[PDB]
Amino acid sequence: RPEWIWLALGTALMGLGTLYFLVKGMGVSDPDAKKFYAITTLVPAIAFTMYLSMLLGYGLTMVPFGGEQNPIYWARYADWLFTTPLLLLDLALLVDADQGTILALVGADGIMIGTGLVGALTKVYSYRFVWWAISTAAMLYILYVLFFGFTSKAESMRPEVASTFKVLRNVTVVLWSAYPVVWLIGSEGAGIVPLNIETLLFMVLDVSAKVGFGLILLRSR
Amino acid sequence: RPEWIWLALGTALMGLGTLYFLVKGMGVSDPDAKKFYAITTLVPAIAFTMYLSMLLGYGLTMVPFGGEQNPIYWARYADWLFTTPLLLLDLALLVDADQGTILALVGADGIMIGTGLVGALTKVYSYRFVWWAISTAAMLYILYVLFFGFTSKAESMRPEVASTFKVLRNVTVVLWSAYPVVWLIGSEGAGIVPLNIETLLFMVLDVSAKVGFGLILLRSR
Amino acid sequence: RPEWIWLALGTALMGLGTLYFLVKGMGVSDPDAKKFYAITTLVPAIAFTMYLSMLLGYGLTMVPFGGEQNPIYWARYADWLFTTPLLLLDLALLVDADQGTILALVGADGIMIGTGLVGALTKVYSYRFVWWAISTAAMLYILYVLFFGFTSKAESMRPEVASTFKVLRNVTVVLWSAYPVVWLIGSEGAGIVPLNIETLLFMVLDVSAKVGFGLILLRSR
Ligand SMILES: CC(C)CCC[C@H](C)CCC[C@@H](C)CCC[C@H](C)CCOC[C@H](COP(=O)(O)OC[C@@H](O)COP(=O)(O)O)OCC[C@@H](C)CCC[C@H](C)CCC[C@@H](C)CCCC(C)C
Ligand SMILES: CC(C)CCC[C@H](C)CCC[C@@H](C)CCC[C@H](C)CCOC[C@H](COP(=O)(O)OC[C@@H](O)COP(=O)(O)O)OCC[C@@H](C)CCC[C@H](C)CCC[C@@H](C)CCCC(C)C
Ligand SMILES: CC(C)CCC[C@H](C)CCC[C@@H](C)CCC[C@H](C)CCOC[C@H](COP(=O)(O)OC[C@@H](O)COP(=O)(O)O)OCC[C@@H](C)CCC[C@H](C)CCC[C@@H](C)CCCC(C)C
Ligand SMILES: CC(C)CCC[C@H](C)CCC[C@@H](C)CCC[C@H](C)CCOC[C@H](COP(=O)(O)OC[C@@H](O)COP(=O)(O)O)OCC[C@@H](C)CCC[C@H](C)CCC[C@@H](C)CCCC(C)C
Ligand SMILES: CC(C)CCC[C@H](C)CCC[C@@H](C)CCC[C@H](C)CCOC[C@H](COP(=O)(O)OC[C@@H](O)COP(=O)(O)O)OCC[C@@H](C)CCC[C@H](C)CCC[C@@H](C)CCCC(C)C
Ligand SMILES: CC(C)CCC[C@H](C)CCC[C@@H](C)CCC[C@H](C)CCOC[C@H](COP(=O)(O)OC[C@@H](O)COP(=O)(O)O)OCC[C@@H](C)CCC[C@H](C)CCC[C@@H](C)CCCC(C)C
Ligand SMILES: CC(C)CCC[C@H](C)CCC[C@@H](C)CCC[C@H](C)CCOC[C@H](COP(=O)(O)OC[C@@H](O)COP(=O)(O)O)OCC[C@@H](C)CCC[C@H](C)CCC[C@@H](C)CCCC(C)C
Ligand SMILES: CC(C)CCC[C@H](C)CCC[C@@H](C)CCC[C@H](C)CCOC[C@H](COP(=O)(O)OC[C@@H](O)COP(=O)(O)O)OCC[C@@H](C)CCC[C@H](C)CCC[C@@H](C)CCCC(C)C
Ligand SMILES: CC(C)CCC[C@H](C)CCC[C@@H](C)CCC[C@H](C)CCOC[C@H](COP(=O)(O)OC[C@@H](O)COP(=O)(O)O)OCC[C@@H](C)CCC[C@H](C)CCC[C@@H](C)CCCC(C)C
Ligand SMILES: *C/C=C(C)/C=C/C=C(C)/C=C/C1=C(C)CCCC1(C)C
Ligand SMILES: *C/C=C(C)/C=C/C=C(C)/C=C/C1=C(C)CCCC1(C)C
Ligand SMILES: *C/C=C(C)/C=C/C=C(C)/C=C/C1=C(C)CCCC1(C)C
């Protein structure tokens, strides 16, 4: 029942992030700047849409495993499924311009979310965590590769990008670790937390990561 | 019942467009020419497949909201979902070669179709138009960005490309405005038109946009 | 019932291919080398995941047309659906660097698998082969274009790449012809083979194509 407040809050917040970014972003940009802007604006857009989809909750109300709906989750996975990739793309793009690197990273990302979804939807009783574990592995890979990202400085311009990246990586890591813990504990893991919590926590992370990173990139640009 | 004539007509027409384009297209092309050819040939291909899928209508016969089937619609959304992107890609490619621009544009496109689909499938009674409205917004964005496309001449070769683009934008705009009106009025909107009409109108636009643009690009190349 | 041995074998085998390739691959690579490595490592990854999904068989146990499950097949199509594209991408990348060429090829690929899936899921009795036929056409196109790939030597470095490609094309063709024959005869075609066979044969091809090509590329690099 409660979910609606959190989700509505999210819809508004994210939507706002989107709009705001369209305005702020636009400005003086053709290449790099516009690339960053577009990439980081699309995210919020998506997230907003999805949030409205989550709030309204279309489709049907069937249970995969529990006594909780399925539209919410599905939506989440769509959100993260496009978001993540794009976000990763942006950050990577700021530093590394290696085809192999990026491609690999986005593929790894792909299976992270995707497999997470697999696990989320698995009907069986105890093996959702098998998938979770694989998701964990993938996530770790993304992070390790981010370690490299930072590490390998190479082609760098102004100092600002370095700092932006520095804060960006911390936020990223944090938020992105939070994801799996919250997932495991609540939502589609064990069910340690009631229900509300899932939505609140997950939304907290969502908005913080997307709008936060958007703002850090706003700071950078 | 009637739908089969329209859809069969479409299957044949589109298929023909595809084949024809394979022949016509092929020729002297490696880079640009081949890029244009491939990009504009794939569309028709897809549309044909989908049209056969629509005509045969696989899956199941369940109703989202009404007393009309669901294979047709779904198919349509797949069609537009790949088509649009590719078409937009081609046109953009002809003028603007800005990563940001293109990416943004295709993302916007993405949510246009996608969200359209969301709205199309929503089970609730009155909120399909909420999604429709968002779809409207997105569409508008695509168009506005096309205004820019034209506007920003910059790097240009022969005069022919300018003219081709000129006719292309008109056709595009027209057809693409028609989409939403027809959608709203018939199919999955209100249901002002019987049923037949949905198929006929939507097909008219389809074939005209894809084969027409293909032919305009045929003219250009 | 039997399927589990084949699928478990596959999970292990493929997983091993993935891991092994992460180790072997990694090494000295930034550009080309890393591109090849990443591209060819992702495949196995995917295949593994999917194989675990196939072995465990989540979702539900409904029949499209027969008395055999649906998770297996679905999984297969996901596997091939990403795999193929990536594999094709890698091979193409080794020779041809033509946007048009590649894009076209991957689009053709796209409909190959995709349409194959369409056919696979069609509920009707006799028209699965219509789709199959279209899939056949597409496959053929991929192969013909590969004929060109070989044919058009152009920009070439060392001799090793030529040989690698030479073995790669043979393997590719072979395996890829095998697919459709096995499909038609067993699984979702007629049902000439019991059930086991489908899994065994299809897995044989899978592992051989992915790990084999991976190894040929390992040889090359
Ligand atoms: C399906 C949905 C749900 C998922 C949506 C995800 C979405 C696909 C992700 C968006 C990422 C986009 C924005 C990529 C951006 C491309 C970039 C603008 C192109 C610039 O181009 C220049 C360099 C190439 O670098 P460079 O080193 O010079 O090499 C290049 C040789 O290719 C050339 O040709 P050659 O070398 O032969 O001459 O930047 C090229 C570097 C990279 C940025 C290229 C990215 C390729 C492509 C878009 C990735 C698709 C990912 C999928 C396969 C995901 C699979 C999911 C799995 C779980 C299965
Ligand atoms: C390599 C990576 C990438 C990973 C590969 C993963 C691969 C993509 C797998 C996904 C396959 C999914 C779609 C299977 C979902 C099956 C679904 C539950 C069953 C459909 O039945 C209707 C369902 C409820 O099931 P129900 O019928 O009740 O099932 C059985 C009960 O009768 C008894 O169950 P029990 O025994 O437990 O009691 O409800 C309706 C629910 C549906 C609408 C669920 C769809 C999820 C979400 C909306 C999809 C997102 C779409 C894209 C953004 C994805 C991009 C992919 C790209 C990379 C290309
Ligand atoms: C679900 C929950 C329960 C799970 C939570 C798990 C949590 C995410 C995991 C913790 C993992 C931590 C330990 C990561 C550690 C990173 C490490 C500090 C970064 C290394 O770099 C250190 C710099 C400062 O050192 P300094 O030497 O000055 O560095 C500059 C040079 O690199 C020169 O610069 P240059 O090279 O550019 O010239 O950064 C200083 C770093 C700060 C920014 C540290 C941030 C604190 C903390 C992690 C925030 C917690 C917030 C959320 C988890 C909230 C949860 C919400 C809940 C309700 C779920
Ligand atoms: C999932 C399905 C249903 C949807 C299918 C849609 C399908 C993905 C769309 C097809 C569009 C394709 C054909 C793109 C063509 C790429 C083009 C050939 C690559 C050429 O490359 C050169 C320039 C880069 O330009 P340039 O300015 O020089 O910059 C580049 C820096 O990236 C490099 O690296 P760096 O700069 O760091 O050195 O052209 C690069 C410009 C653009 C053309 C790049 C496009 C990237 C990628 C393919 C877009 C994927 C879109 C998704 C995320 C959709 C999301 C859906 C949403 C609703 C969520
Ligand atoms: C940011 C953008 C991109 C937007 C994000 C959007 C996101 C992608 C959302 C899509 C999620 C979809 C798939 C949910 C569909 C649920 C479906 C209706 C339910 C499944 O149940 C079987 C259905 C009929 O439902 P039914 O069971 O009757 O439902 C309830 C009744 O019991 C009582 O209903 P009521 O209360 O109204 O009486 O029939 C079977 C119908 C299915 C086969 C429908 C699938 C649609 C179409 C074929 C998908 C295209 C696939 C790709 C081309 C998409 C590319 C995505 C990429 C960008 C990666
Ligand atoms: C669902 C339905 C009911 C909804 C229908 C809605 C409809 C789509 C919306 C109408 C929107 C219209 C008003 C758009 C206006 C565009 C505007 C004219 C273009 C501006 O440019 C004008 C040029 C000629 O001026 P000129 O000065 O010579 O221009 C050359 C210089 O740019 C120098 O050139 P350069 O810069 O290159 O050197 O173009 C002249 C333009 C013509 C090509 C105008 C086309 C007419 C009309 C729109 C066709 C209708 C067809 C379909 C809607 C059919 C419906 C089917 C139904 C059953 C649903
Ligand atoms: C949805 C899921 C299920 C499917 C997943 C499939 C996944 C999308 C496939 C992965 C393939 C990826 C890895 C592509 C790699 C891109 C590569 C690194 C970018 C390098 O970039 C440089 C050259 C461009 O070459 P070059 O000749 O110099 O031209 C370029 C002009 O674009 C620039 O701009 P301009 O020319 O204007 O200046 O390499 C560019 C050449 C090509 C490699 C570009 C590829 C574009 C894009 C990624 C393809 C998407 C495919 C979809 C539409 C599939 C549809 C499915 C159908 C059944 C509907
Ligand atoms: C141009 C190309 C690309 C081709 C375009 C093709 C296009 C993509 C089409 C796909 C549309 C699919 C998803 C439709 C599937 C409908 C499904 C069977 C019905 C859903 O109902 C639940 C089903 C069992 O059906 P059921 O309810 O029993 O049906 C009727 C009975 O009541 C009586 O039947 P009968 O009359 O025969 O007795 O079970 C649950 C099964 C589902 C989970 C099936 C999903 C398949 C697989 C997991 C999807 C992979 C996802 C991605 C990797 C795809 C990437 C796409 C990208 C290119 C973007
Ligand atoms: C489902 C099943 C039943 C269906 C099976 C169908 C089967 C796939 C279809 C057969 C199609 C065949 C006939 C393809 C023919 C290719 C042809 C030989 C290649 C041409 O090139 C010839 C070279 C050697 O000539 P040579 O003159 O020395 O060439 C070097 C110069 O190009 C200079 O070099 P360069 O230009 O670089 O300087 O290659 C010599 C080529 C060998 C590598 C030939 C391989 C043998 C055979 C096809 C293997 C069968 C394995 C599987 C089908 C197993 C099935 C498993 C079942 C249980 C299903
Ligand atoms: C805007 C949304 C963002 C940035 C979402 C990110 C989500 C994740 C990094 C999720 C990771 C997960 C796992 C590692 C395992 C369980 C499933 C997930 C999706 C919670
Ligand atoms: C070959 C097919 C083409 C070019 C199809 C294009 C379709 C559209 C531009 C559809 C637009 C829509 C909206 C703006 C809102 C309602 C849903 C749509 C898909 C009709
Ligand atoms: C690792 C997996 C690989 C390389 C799989 C490849 C699969 C194919 C080439 C499948 C081709 C098909 C047809 C031509 C028609 C029937 C359906 C398929 C998928 C068996």
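Chain C is numbered as in Swiss-Prot; the shown residues are, in order, 20-240.
Keep in mind that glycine also has a Cβ here, set from the backbone N, Cα and C atoms.
Pulled from Swiss-Prot, these are the features on record:
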TRANSMEM  C:23-42  transmembrane segment
TOPO_DOM  C:43-56  topological domain 'Cytoplasmic'
TRANSMEM  C:57-75  transmembrane segment
TOPO_DOM  C:76-92  topological domain 'Extracellular'
TRANSMEM  C:93-109  transmembrane segment
SITE      C:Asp98  site 'Primary proton acceptor'
TOPO_DOM  C:110-120  topological domain 'Cytoplasmic'
TRANSMEM  C:121-140  transmembrane segment
TOPO_DOM  C:141-147  topological domain 'Extracellular'
TRANSMEM  C:148-167  transmembrane segment
TOPO_DOM  C:168-185  topological domain 'Cytoplasmic'
TRANSMEM  C:186-204  transmembrane segment
TOPO_DOM  C:205-216  topological domain 'Extracellular'
TRANSMEM  C:217-236  transmembrane segment
MOD_RES   C:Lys229  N6-(retinylidene)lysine
CB neighbours of C:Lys229 (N6-(retinylidene)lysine) within 10 A?
26
For C:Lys229 (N6-(retinylidene)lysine), just give me the three-state DSSP call.
helix
Under 8 Å between C-beta atoms and at least six residues away from its ends: which parts of the chain pack against the topological domain 'Extracellular' (C:76-92)?
22, 26, 139-144, 147, 206-207, 210, 214, 218
For C:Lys229 (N6-(retinylidene)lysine) and C:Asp98 (site 'Primary proton acceptor'), what Cα-Cα distance in Å is obtained after rounding to a whole number?
11
Please figure out which one of C:23-42, C:57-75, C:93-109, C:186-204, C:217-236 racks up the most CB pairs under 8 Å against the transmembrane segment (C:148-167).
C:186-204
Across all chains shown, how many C-beta atoms besides its own are within 10 angstroms of the C-beta of C:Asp98 (site 'Primary proton acceptor')?
24
By DSSP, how many residues in the topological domain 'Extracellular' (C:205-216) are helix, how many strand, and how many coil?
2 helix, 0 strand, 10 coil
Counts by DSSP class (helix H/G/I, strand E/B, coil) across the topological domain 'Cytoplasmic' (C:168-185):
10 helix, 0 strand, 8 coil
For the topological domain 'Extracellular' (C:205-216), find every same-chain residue at least 6 residues outside the stretch whose CB is under 8 Å from a CB in it, and list them.
21-22, 25, 83-85, 87, 92, 138-139, 147-148, 151
Tertiary contacts of the topological domain 'Cytoplasmic' (C:43-56) (same chain, 6+ residues out, Cβ under 8 Å):
109, 112-113, 236-237, 239-240
Which bits of the chain, at least 6 residues beyond where the topological domain 'Cytoplasmic' (C:168-185) starts or stops, bring a Cβ under 8 A of a Cβ in it?
110-111, 113-116, 235-236, 238-239
Using Cβ atoms and a strict cutoff of less than 8 Å, what residues sit near the topological domain 'Extracellular' (C:141-147) while being 6 or more residues removed from its termini?
83-84, 207-208
Tally of helix, strand and coil residues over the topological domain 'Cytoplasmic' (C:110-120) according to DSSP?
7 helix, 0 strand, 4 coil
Based on DSSP, tally up the residues of the topological domain 'Extracellular' (C:76-92) by helix, strand and coil.
3 helix, 0 strand, 14 coil
Secondary structure composition of the topological domain 'Extracellular' (C:141-147) [DSSP: H/G/I, E/B, coil]:
1 helix, 0 strand, 6 coil
List, by number or range, the same-chain residues at least 6 past the topological domain 'Cytoplasmic' (C:110-120) whose CB is under 8 A from its CB atoms?
54-55, 58, 164-165, 168-169, 171, 174-175, 180, 183-184, 187-188, 191, 239
Assigned element (helix, strand, coil) containing C:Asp98 (site 'Primary proton acceptor'), judged by DSSP:
helix
